[PDB]
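Structural description and commentary
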Amino acid sequence: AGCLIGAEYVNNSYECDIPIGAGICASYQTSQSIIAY
Amino acid sequence: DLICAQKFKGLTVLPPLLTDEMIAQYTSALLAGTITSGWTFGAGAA
Amino acid sequence: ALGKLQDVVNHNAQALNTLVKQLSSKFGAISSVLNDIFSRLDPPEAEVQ
Amino acid sequence: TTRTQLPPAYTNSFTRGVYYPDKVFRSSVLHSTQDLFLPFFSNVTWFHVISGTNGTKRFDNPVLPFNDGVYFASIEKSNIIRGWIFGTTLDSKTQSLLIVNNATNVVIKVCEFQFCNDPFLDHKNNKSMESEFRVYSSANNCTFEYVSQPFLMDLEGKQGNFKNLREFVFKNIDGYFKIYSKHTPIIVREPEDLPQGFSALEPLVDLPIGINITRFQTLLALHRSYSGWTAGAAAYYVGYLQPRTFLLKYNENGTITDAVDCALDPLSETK
Amino acid sequence: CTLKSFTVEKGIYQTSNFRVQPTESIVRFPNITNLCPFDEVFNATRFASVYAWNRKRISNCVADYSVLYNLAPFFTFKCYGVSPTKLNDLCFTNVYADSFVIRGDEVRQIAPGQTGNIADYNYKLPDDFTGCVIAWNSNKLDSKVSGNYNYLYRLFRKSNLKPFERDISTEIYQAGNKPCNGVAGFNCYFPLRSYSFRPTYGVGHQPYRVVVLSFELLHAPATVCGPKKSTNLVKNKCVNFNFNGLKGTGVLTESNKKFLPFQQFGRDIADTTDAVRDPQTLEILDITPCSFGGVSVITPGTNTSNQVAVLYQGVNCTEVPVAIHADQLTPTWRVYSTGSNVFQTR
Amino acid sequence: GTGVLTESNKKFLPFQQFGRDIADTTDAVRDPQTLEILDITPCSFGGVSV
Amino acid sequence: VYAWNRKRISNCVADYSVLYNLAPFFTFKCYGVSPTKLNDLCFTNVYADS
Amino acid sequence: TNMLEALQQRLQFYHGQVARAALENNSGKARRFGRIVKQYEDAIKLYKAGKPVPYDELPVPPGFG
Amino acid sequence: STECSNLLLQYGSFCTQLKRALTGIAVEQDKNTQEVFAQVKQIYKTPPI
Amino acid sequence: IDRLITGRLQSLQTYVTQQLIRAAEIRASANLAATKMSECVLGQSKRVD
Ligand SMILES: *[C@@H]1O[C@H](CO)[C@@H](O[C@@H]2O[C@H](CO)[C@@H](O[C@@H]3O[C@H](CO)[C@@H](O)[C@H](O)[C@@H]3O)[C@H](O)[C@H]2NC(C)=O)[C@H](O)[C@H]1NC(C)=O
Ligand SMILES: *[C@@H]1O[C@H](CO)[C@@H](O[C@@H]2O[C@H](CO)[C@@H](O)[C@H](O)[C@H]2NC(C)=O)[C@H](O)[C@H]1NC(C)=O
Ligand SMILES: *[C@@H]1O[C@H](CO)[C@@H](O[C@@H]2O[C@H](CO)[C@@H](O)[C@H](O)[C@H]2NC(C)=O)[C@H](O)[C@H]1NC(C)=O
Ligand SMILES: *[C@@H]1O[C@H](CO)[C@@H](O[C@@H]2O[C@H](CO)[C@@H](O)[C@H](O)[C@H]2NC(C)=O)[C@H](O)[C@H]1NC(C)=O
Ligand SMILES: *[C@@H]1O[C@H](CO)[C@@H](O[C@@H]2O[C@H](CO)[C@@H](O)[C@H](O)[C@H]2NC(C)=O)[C@H](O)[C@H]1NC(C)=O
Ligand SMILES: *[C@@H]1O[C@H](CO)[C@@H](O)[C@H](O)[C@H]1NC(C)=O
Ligand SMILES: *[C@@H]1O[C@H](CO)[C@@H](O)[C@H](O)[C@H]1NC(C)=O
Ligand SMILES: *[C@@H]1O[C@H](CO)[C@@H](O)[C@H](O)[C@H]1NC(C)=O
Ligand SMILES: *[C@@H]1O[C@H](CO)[C@@H](O)[C@H](O)[C@H]1NC(C)=O
Ligand SMILES: *[C@@H]1O[C@H](CO)[C@@H](O)[C@H](O)[C@H]1NC(C)=O
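Reading the values: the criteria
Residues numbered from 1 in each chain as written, not as in the entry; some residues may be left out. Chains lettered and ligands numbered in written order. Part of a larger assembly, values for the part shown. Heavy atoms only, no water. Residues with missing side-chain atoms left out of burial classes, pairs and counts. Helix = DSSP H or I, 4+ residues; strand = E, 2+ residues; numbered from the N terminus. Polar contact = N/O pair within 3.5 Å; in protein donor to acceptor, adjacent residues only side chain to side chain. Contact = heavy atoms within 4.5 Å. Near = heavy atom within 4 Å. Nonpolar A, V, L, I, M, F, W, Y, C, P; charged D, E, K, R; others polar. Pairing = 2+ DSSP bridges. Axes fitted to C-alpha atoms, helices over the stretch in contact; angles between N-to-C directions. Areas by Shrake-Rupley, 256 points an atom, 1.4 Å probe, with all protein chains shown as cover. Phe/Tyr/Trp six-rings, centres within 6.5 Å; stacked < 30°, edge-to-face > 60°. Buried < 20%, exposed > 50% of the residue type's maximum accessible area, 1.4 Å probe, protein only. Disulfide = S-S within 2.5 Å. Buried area = accessible area lost by both parts, 1.4 Å probe. Salt bridge = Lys/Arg side-chain N within 4 Å of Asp/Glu carboxyl O.

The record lists cryo-EM as the method behind this PDB entry and 2.8 Å as its resolution.

**With respect to the side chain of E112(D)**
All names here are of chain D. Mapped onto the secondary structure, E112 falls in strand 10 (residues 108-112). Engagement of the side chain of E112 in a polar contact is seen with the backbone nitrogen of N141, the distance being 3.0 Å. Not counting residues within four places of it along the chain, the set of residues in contact with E112 comprises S92, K93, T94, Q95, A139, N140 and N141.

**A short note on the site of ligand 8**
Residue and element names in this part refer to chain E. The environment of ligand 8 is made up of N31, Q280, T281 and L282. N31 is positioned with one of its side-chain polar atoms (N or O) 2.4 Å from an oxygen atom of ligand 8. In terms of residue class, the shell around ligand 8 is built from 1 nonpolar, 3 polar and no charged.

**Some points on the sheet that holds strand 19 (residues 256-261) of chain D**
Residues and elements named next belong to chain D. With antiparallel pairing, the 3 strands of this open sheet are ordered in space as 3-18-19. Strand pairing shows two members of the sheet lacking a second neighbour, strand 3 (30-37) and strand 19, which therefore form its edges. Direction aside, the axes of adjacent strands within the sheet are offset by 35° on average. Relative to strand 18 (residues 242-250), strand 3 runs antiparallel, the two being bridged by 8 bridges. Counterpart to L30 in the pairing with strand 18 is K249.

**Things to note about the site of ligand 5**
Residues and elements named next belong to chain E. In the region of ligand 5, the neighbouring residues are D39, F42, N43 and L71. Here an oxygen atom of ligand 5 sits 2.3 Å away from a polar atom, N or O, in the side chain of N43. Within the complex, 32% of the 560 Å² of free accessible area of ligand 5 lies under protein. Considered class by class, the residues forming the shell around ligand 5 number 2 nonpolar, 1 polar and 1 charged.

**With respect to the packing of aromatic side chains**
All names here are of chain D. Scanning the model with the defined rule gives 56 aromatic pairs over all chains in all. Both rings, one in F151 and one in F168, keep their centres 5.4 Å apart while their planes meet at 90°; by these two values the pair is edge-to-face. Here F151, found in the loop between strand 11 (141-146) and strand 12 (167-173), pairs with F168, found in strand 12; they are 17 residues apart in sequence, far enough to count as distant. Between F170 and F177 the ring centres are 6.0 Å apart and the planes differ by 45°, which places this aromatic pair in the tilted class. Per residue, the accessibility class of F170 equals that of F177, and both read buried.

**Quick notes on the state of the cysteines**
The tally for this structure, following the rule as stated, stands at 7 disulfides over all chains. Disulfide pairing is shown between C79(E) and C132(E); the S-S distance is 2.0 Å. Across the disulfide from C79(E) to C132(E), rotation about the S-S bond amounts to roughly -85°, and the bridge is consequently left-handed. Placement of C79(E) in strand 4 (residues 79-80) and of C132(E) in strand 6 (residues 131-137) is noted, with a sequence separation of 53 residues between them. Two residues share a disulfide in this structure: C91(E) and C225(E), whose sulfurs sit 2.0 Å from each other. Residues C91(E) and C225(E) are joined through a disulfide that is right-handed, its torsion about the S-S bond being 115°. Of this pair, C91(E) sits in the loop between helix 3 (84-89) and strand 5 (95-103) while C225(E) sits in the loop between strand 9 (207-214) and strand 10 (238-243), and the two are 134 residues apart along the sequence. Given the relative accessible area of 4%, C225(E) is considered buried. The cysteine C262(D) is free of any disulfide, with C15(I) supplying the nearest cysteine sulfur at 17 Å.

**Some points on the interface of chain E and chain D**
Opposite the 23 residues of chain E that make contact, chain D presents 18 residues. Taken together, both faces of the contact between chain E and chain D bury some 1900 Å²; the carbon and sulfur share is 59%. It is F262(E), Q263(E) and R267(E) that lose the most area in chain E upon contact with chain D, and together they represent 29% of the buried surface on that side. Joining chain E to chain D, the criterion identifies 0 salt bridges. At the junction of chain E and chain D, the tally comes to 3 residue pairs in polar contact. Split into classes, the residues belonging to the side of chain E that touches chain D amount to 9 nonpolar, 7 polar and 7 charged.

**Focus: the sheet that holds strand 1 (residues 13-19) of chain E**
Strand pairing in a sheet is mediated by backbone hydrogen bonds. Such pairs are either parallel or antiparallel. Residues and elements named next belong to chain E. Taken together, the 3 strands give an open sheet; going across it, the order is 1-14-15, and neighbouring strands pair in antiparallel fashion. Each edge of the open sheet is held by one strand with a lone partner, namely strand 1 and strand 15 (310-313). Strand-to-strand twist across the sheet, computed as the mean angle between neighbouring axes with direction ignored, equals 30°. In this structure, strand 1 lies alongside strand 14 (residues 292-297), joined through 6 bridges in antiparallel fashion. Bridging from a neighbouring strand, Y13 pairs with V297 of strand 14.

Okay, structure coming up:
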């Protein structure tokens, strides 16, 4: 979708919370930070 | 050179949330459910 | 879980709010109040204004 | 005198420096305005005046450029801070502003004249007429005059434990000058920093003088040592002004309870 | 008429909208009556020079501009953003009169977005300038037979002046790179030159006395309102109001708004002055448009009968009945007062 | 105008001076002083979401 | 007026401040272009009919 | 540099002097400046027309640069 | 053209509802696929035979 | 320039309206497709044709 700044990408799979696009979604999870997956 | 001209006029395209691979995975899962389980998987555990 | 009904209500309220707030648009006019324009411009220009 | 230069300091502006952009009354609405404003959490100078070296004068009154506006504010206790003189070049030739606070009169003066090297006022009345006019020699060609009630209505400190927070925003556009003010006491002052609170500044006068202003100078009110000239402990803050877009939240009674910037951070822009 | 047919089928139809017509008109203006000293400005013995144009402060007075129209037979009164008669009609807060003398060739330079030596150097007008400019010949008044030199105009400066900025600079111009701190041969020059008005010149070179008025129409305090008689205020009635030029129709009622001393005009979510402050004895007032709504007909069909029923949409019957002589639109169109019982529905 | 000026491979004929695109707007321009062909493109803007 | 002269002017630099500073009496009504903007931007063909 | 540059420098300098006299609010000194300057424009129109410009006729110049 | 944007600012909030409508259309397009395809809670895999 | 801005804004509004109509049509088609998927893939439908 584009360049994402302020979130960390993890090699984990979860249900889509915040739809970013092209199969990437972000969420607020564990200290606490915004994670893209 | 056609998409670039539209983009230069502020006409962008948002990529779909579900990629083609995930849609293919959904179709494969539906095929597996309808082949190995019939209609039972559509109303509970396969 | 009643997202759809509240969503419809929000659409209606937002449409009404946008319609009423659109009166703030100058549209390129000298003012957004008809009375002020009629009180300061002559009819030859107030007509187009 | 042979005053030694002091290093400038900086302070977070926090959510301070907001004023009513117009006389129109709004209640229970979230209005967005585009005007000159002080950005939230901005560096502001921390000039502090005190009798250095236990009796040596401190000339911490530099010619701060005006640019587009200031956010002069203080935690002043008693009347020692006075004067907001302006000037393009600060000489006899250039027409300049003048705002004294003698007792209970602003005496707004717009005249061109020479300025003393270290202008200052005398807080104590002269015995037995007053030498408080030492800031300038004599006005030559006077264009505007204005006398009214003092810009501050704050009560004197009395026993103590409370100090005023006179905050002023000076704006000079389209040949006009505008003044906003608001005062409030402060409870604790151990960091000597602006409190993390919201305060709304209301207009009190508009000056129609169309004069070029590029530098800003402040004065002090000290009479005599109680060597040379000495004063008490005081500090004032200045914050520069740049165009901004602000979202103002009016309450039921019409006062700005809180406001949010539009370019401070992505969350602010989202709001 | 709405259906464009002489026969109407049974059903409900929306015909038009009813509005309570105003009962009367009230005008509220400040009660101060002293005339503004415009005659002093327009009748001064000698005007200030263009580079140091005088600025006059006008406040707390009533100004009648009709004297300018009636007298001074030769005048130029081209105005910006306001009609002349309506300028006499409407209100002002920050009125400022500036006076200077220039030749008749550069009278056009007093205009926003115009270039010229006086325009760039002596006097500059903002692009969004609101106000009139008044100019008239002054060959008789300001031209000695030998020559008039008192009027001075600026010709050289490093940078152009901002609008509504006055420069009285007399320092030596920096025409050349070398500094000289005094008038000399090669390039020192002087910023302002002098006029030499004489009666023998042509009309283009004749002196002209130009007076410009600065106007802003926000009119929150409206201290210099024009000549208008103030009528007694009417409360809780649909009456036309003229609060400091705020022409409109509505119901004025006492307000709970706590106006701050500087605040004069109230507003709402969408640019409607729902609250106003009385220019007379202080009174915070609310403005609400008087009762309106939709009008609907419940005819059971033309064939069946001509009897009809009228449904007023979203209005309480008590405060807007049919028997009131106020003639709430369509004076001849009125249902009988007690033809049938009035039913109040949701 | 405002944009990024770069070298262009679009062969301008001797009579040709300007250059447009499918979007009916100027895309290329020849330098009035030197016989050099340039294509003007706006500097990248995109969009931002939070 | 019936045999108005037509003069062709080209390949030159134009400065319109001459008409402004000099010729005190005139009538500079213009259509389709601002006077300062008349003096500012580039033209190609000018026709003088007197 | 011929003579036009010097003549226009003279014009500007005596216009500055005219401004000096006008601001000083003394009538006769400004009036004599007016006669001198009008004689200067007479000299200008004489010189531009092709006729030779007099030098001793006009008053002695100051220490111009 | 900064001045064109400045004069367009006088037109009021018209791009707000256009942007909202386009965003709603995009979300609707995403939800269409999400509803037509994601109808199974498990990703069944066919046996090797 | 106001005339040009009005024209461009009207063109954009017409495009948005066309997009909304097409989005409604596509949403109806997607609802039909989801119903068909549910009733034919996840089960056996007795509905004729
Ligand atoms: C600051 O104030 C002084 C004092 O008035 C100004 O000096 C005066 O300047 C004016 C114009 O340059 C002149 O005044 C004239 O003086 C004569 C007597 O010489 C008298 O008949 C009139 O009063 C007349 O106006 C003169 O040069 C000078 N006056 C005196 C008495 O020296 C000075 O100009 C002022 N500064 C500025 C920047 O205006
Ligand atoms: C107000 O006065 C200042 C001088 O203090 C002016 O600043 C000059 O501006 C010109 C052109 O913008 C520059 O060439 C000069 O170098 C500036 N002077 C200095 C000392 O920097 C300014 O233009 C005046 N007008 C305003 C600010 O509106
Ligand atoms: C502050 O200074 C001003 C100006 O110096 C004083 O204004 C005086 O007011 C009186 C009464 O209106 C006049 O008679 C004087 O001519 C004014 N000017 C003077 C005395 O220089 C003002 O009074 C001073 N403030 C106080 C509290 O005295
Ligand atoms: C707005 O004004 C009202 C009216 O004074 C305030 O209500 C008063 O609040 C104080 C303390 O906050 C109470 O002691 C009074 O009894 C209240 N009076 C009434 C009539 O309610 C109110 O606090 C103000 N602020 C807001 C946000 O409403
Ligand atoms: C300026 O002064 C003149 C006279 O000096 C004023 O003229 C008035 O109107 C007529 C003149 O035709 C006469 O009745 C008197 O000369 C004046 N009457 C009054 C009642 O003033 C003129 O009004 C003054 N003001 C201006 C021109 O603005
Ligand atoms: C995550 O996967 C990437 C492959 O793209 C790999 O380079 C990276 O080391 C992995 N990180 C972890 C913590 O497994
Ligand atoms: C404020 O000043 C301090 C002092 O050096 C500095 O560390 C800080 O980065 C400054 N902050 C800003 C926003 O300028
Ligand atoms: C005139 O208006 C003032 C406005 O403050 C008011 O105080 C005063 O009572 C009024 N007087 C009369 C006679 O209307
Ligand atoms: C009213 O309608 C009835 C039903 O058709 C019809 O018989 C009758 O003639 C109509 N009335 C008139 C006056 O024509
Ligand atoms: C109409 O007004 C009367 C008197 O004010 C009141 O008693 C009644 O409840 C009102 N009816 C409605 C429907 O508001």
